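First comes one chain, alone, set out as structure tokens in the form deposited in one PDB entry.
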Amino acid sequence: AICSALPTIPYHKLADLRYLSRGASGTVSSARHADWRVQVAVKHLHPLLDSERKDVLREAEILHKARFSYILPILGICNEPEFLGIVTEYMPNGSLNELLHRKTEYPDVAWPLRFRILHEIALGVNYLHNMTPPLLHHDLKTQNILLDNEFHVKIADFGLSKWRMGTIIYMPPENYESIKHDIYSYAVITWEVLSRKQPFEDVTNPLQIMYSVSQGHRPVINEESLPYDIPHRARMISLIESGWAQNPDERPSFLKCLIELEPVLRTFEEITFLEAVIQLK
């Protein structure tokens, strides 16, 4: 019956508070804890509403309960009449979205690192699904896979997460009008990691995406999207195709997904991961 309380952080302890980004989830700022002498990230509201207050506390409780090696570590809650935010560790290398799509900043993203990121996303989500009761993330995207100083994964944005009791490109078609949601989002992420392409890039209207996916269309699998030189290409296409299956029942569990990925990750020597990171800006 061992319990841990989430610390409360007085707002005045957050020095050098500097805006990072703004989204549907909230505003993100970087700061430094005055006493802990560490860099932190604060996901705050930035006009006060008590409905938004309950949302932030809900997210903070989920993150506190869901602590694991591949989940964004929550450091405390900053709860004041003036300000409200979730204080977490600062991820110096940002998101998987930027790593994949900022091609001038990152001309090369070595295969070992790409596969390690995919393994760690699967490890993080599997942990969530294995909790009592299971936690389902329900908003996985390359924007929510944060990367620490050594490009290790930290899953963020627990705003839509649910206890099993914006963009639509990662959403399973049955969700337009389930434990099998996250695996679908994961198959799209996998495709995106291996291609460095935006899913449905040639599609201008998101209603056209939604209609196509509802009819069984998926991001294109060919020589141009997934080149023949991808290590374990056949096996990876198989995983992607089972993950984004039209029938949710036919999509694998993250356990099955990990049992498949484990022999692939063992083909890479340990030093090749370190070498991949040192190559990166």
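Throughout, rigid core stands for the largest set of C-alpha atoms superposing within 1.5 Å between the two forms. For every residue, the number given is its place in the sequence shown, counted from 1.
What comes next is about the form deposited in another entry, which does not appear here.
Out of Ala24, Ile271, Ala15, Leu20, I need the residue that shifts by 2 angstroms or more at the Cα between the shown form and the other one, core superposed.
The answer here is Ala24.
Does the distance between the two CA positions of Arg53 reach 2 Å or more between the shown form and the other one, the core being superposed?
Yes, shifts by 2 Å or more.
Can you confirm the direction of the Cα distance change for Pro248 and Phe158 in that other deposited form, closer or farther than in this form, given it is 3 Å or more?
Compared with the shown chain, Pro248-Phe158 is farther in that other deposited form.
Based on a C-alpha change of 3 angstroms or more, tell me if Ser25 and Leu20 lie closer or farther in that other deposited form than in the shown form.
Compared with the shown chain, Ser25-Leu20 is closer in that other deposited form.
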